[PDB]
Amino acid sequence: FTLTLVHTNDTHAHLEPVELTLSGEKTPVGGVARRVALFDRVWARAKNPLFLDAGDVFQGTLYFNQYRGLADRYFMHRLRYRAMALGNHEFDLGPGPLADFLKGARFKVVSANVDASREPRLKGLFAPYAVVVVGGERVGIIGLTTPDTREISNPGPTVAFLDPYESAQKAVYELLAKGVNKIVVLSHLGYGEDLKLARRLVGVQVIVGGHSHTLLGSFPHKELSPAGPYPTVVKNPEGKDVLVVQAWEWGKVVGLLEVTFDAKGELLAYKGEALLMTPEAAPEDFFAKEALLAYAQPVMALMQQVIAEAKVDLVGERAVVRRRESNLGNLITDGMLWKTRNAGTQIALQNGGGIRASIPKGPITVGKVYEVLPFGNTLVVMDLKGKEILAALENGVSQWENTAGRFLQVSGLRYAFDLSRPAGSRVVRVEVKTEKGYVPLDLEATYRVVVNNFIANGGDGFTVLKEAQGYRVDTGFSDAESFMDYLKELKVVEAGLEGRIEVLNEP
């Protein structure tokens, strides 16, 4: 039996194509219109195609701010997706909007480790796994959601997360008991976690994932540098091959993995490729393009409103903003201090996971600002003891190896951390910027800082900020609006590296 798995992950409301320089020339990459054309051809040509999405459809552009995933859902229906795993961002607005998205979803939404027993709004709207019939054969699809969702999203008090391994292996047994031996895990745990899980589970031949926004495969463009091969192969406890795949992010890539199974559901052969969604891959479907224009109507003005000009590229790539100093991170934090200068703020902290895109040199539109800061978090002014600021910085670099979003970009201070040291004691130096130059952080002194409400409330593992007993006031200042006010003030934006963060003994 031959099955052709066609998949996407972390589309993050990026329905329009983006622009990248490929082989020495600005090229449009991604877009649902182009995906519709490609999928239509795969649907009528490929052998037993099965379309899947690994989660994180939610959060990323004005299309989400305006439709909360419903615009994406319309396209997912047109794209014939058969199953979708719940990602952490599907919980960003709590159970309410998630239920609205699931109510009417004509594809199977799965996650074996999401315990929603305490949430009536999600009853029967998703399942641990699904059984889909393809070419006369049954294929089981087990979903998994990163347990980190508890800290990185807003699932709320009615949703809990279970161990991926225990949940998945149980699902494998249930499927086998039903006579389904061809099983695929649709995971939102991360590439690294998928590789580890693949060495533990038995009965699973393929793991289609996301969460880490990992680019796998090979491309004819020197500008791209994949993190691994497509697919990546590991051995399970029984010495059998397990294929792990991912398709980068924002619909910029579509994965196509053709797997052949025997009667027992064992892997006989496999071939795959990560398809970069450029004009060469396929044209844009006419009607899908028109449909997107329909959705764009209420937010079109914002997408065209230029509020400033970037004289240099403002770097927002996750491998940068979540691991080292970023000039965009410096700009945003500078803006936070600027907006709250009337409050006497001296330091600004911003988690890199909250900076979602780069701003290439050129015009800066309102639409672009919301792609960079999509959450709608507000600025919170609070007094922190030096010890608390230090603890915050430590939490920020505590998961550097996993490129976690808690990493802190800063303004008003500089810090250096040693990666050869254990998590919790990596920050070796912290100095506050003053008129008389840099002064070592005083762990016993109090400093007025500005952060966003998500981390101020304890999100991203910032329990130290949630537990702070000092002065605390939510300004009500929107993050995006505040950043735009700063950009409008500057008019012509320039931002470079200022040695605010020093990475020592980096692997």
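One-based numbering along the sequence shown.
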Selected stretch [higher average CA B-factor]: 420-428 or 375-383:
420-428
Quick note on 185-193 and 234-242: per-entry mean CA temperature factor is higher in 234-242
When the entry's CA B-factors for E266, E166, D148, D334 are compared, the highest one belongs to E266
From the entry's CA B-factor values, the highest among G179, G362, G353, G396 is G179
Can you tell me whether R35 has a C-alpha B-factor in the lowest, middle or highest third compared with the other modelled residues of the same chain?
lowest
Binned into thirds over the chain's modelled residues, the C-alpha B-factor of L3 lands in the middle
Grab the CA temperature factor for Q297 from the record and place it in the lowest, middle or highest third of its chain.
middle
Please place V57 in the lowest, middle or highest third of its chain by C-alpha B factor as given in the entry.
lowest
Tertile call for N453 (CA temperature factor, within chain, third-based) is the middle
